[PDB]
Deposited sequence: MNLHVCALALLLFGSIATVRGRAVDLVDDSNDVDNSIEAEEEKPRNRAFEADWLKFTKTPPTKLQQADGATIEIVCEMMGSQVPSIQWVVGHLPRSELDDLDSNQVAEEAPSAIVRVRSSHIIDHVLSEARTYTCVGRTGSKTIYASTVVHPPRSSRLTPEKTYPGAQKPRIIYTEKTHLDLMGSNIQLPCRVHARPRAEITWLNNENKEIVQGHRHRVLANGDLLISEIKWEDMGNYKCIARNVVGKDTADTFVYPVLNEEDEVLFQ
């Protein structure tokens, strides 16, 4: 019904993970996957296992990004597969990461010190229906654990309230969305060594 809102189930990579990466000694690898599709697509990362092979209503359309962090030197080449799902649709893409040819570090041992926050699960774009309850993710990789703050569509810090709740896992829950809620939402993740941020565009999918 060529407003895209009526075409569930569909799912497309918007950032396909690299086919191959070469790890430098001591480097932290971040493998990024991004996809967009009907409803709220989920992304799972699978290590070391290669792939082997409806309502009469509009749906949300969500663009979601997930990062896999390798913060140790690999002992051997390993495969990492991004698996995306929404409804009955599944898409996959894999990355082979190669270890450095030589290393002055212990392989497969997590790098020791503090680590700057990285937001590793986030929605870039959330197009939805008015009145819906939405939950915007902000999952973080950080040592020590990051403090999470959300800004709303007026750049004001969000405090816990009747229609807005910040969850312990970093998610922002907004109940019964309306036009006045539309726009940009920013997650800020901070610890003693640094900060990361991520923006989510929330907008009506229809009319």
Gaps in the model, given as deposited-sequence positions counted from residue 1 | 1-43, 97-106, 261-268
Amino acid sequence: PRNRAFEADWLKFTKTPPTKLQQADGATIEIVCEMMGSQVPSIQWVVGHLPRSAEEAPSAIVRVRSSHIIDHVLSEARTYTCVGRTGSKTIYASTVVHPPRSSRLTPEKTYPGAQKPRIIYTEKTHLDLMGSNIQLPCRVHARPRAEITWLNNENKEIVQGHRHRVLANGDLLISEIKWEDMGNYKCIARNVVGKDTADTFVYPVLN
From here on, numbers count along this sequence of modelled residues.
Identify the stretch, either 55-63 or 32-40, whose C-alpha atoms have the larger mean B-factor according to the entry.
-> 55-63
Using the B-factors recorded in the PDB entry, average over the C-alpha atoms of 44-52 and of 145-153, then report which stretch comes out higher.
-> 44-52
Member of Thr125, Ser102, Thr122, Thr81 with the greatest C-alpha B factor (per the PDB record) | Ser102
What's the residue among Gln135, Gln115, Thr95, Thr86 with the greatest CA temperature factor in the PDB record?
-> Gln115
Relative to the other modelled residues of the same chain, rank the CA B-factor of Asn184 and answer lowest, middle or highest third.
-> lowest
Please rank the C-alpha B-factors of the chain's modelled residues and tell me whether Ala5 sits in the lowest, middle or highest third.
-> middle
Would you check the entry's CA temperature factor for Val159 and let me know if it's in the chain's lowest, middle or highest third?
-> highest
Going by the recorded CA B-factors, say which third of the chain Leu206 sits in, lowest, middle or highest.
-> highest
Lowest, middle or highest third: where is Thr14 by C-alpha B factor in its chain?
-> lowest
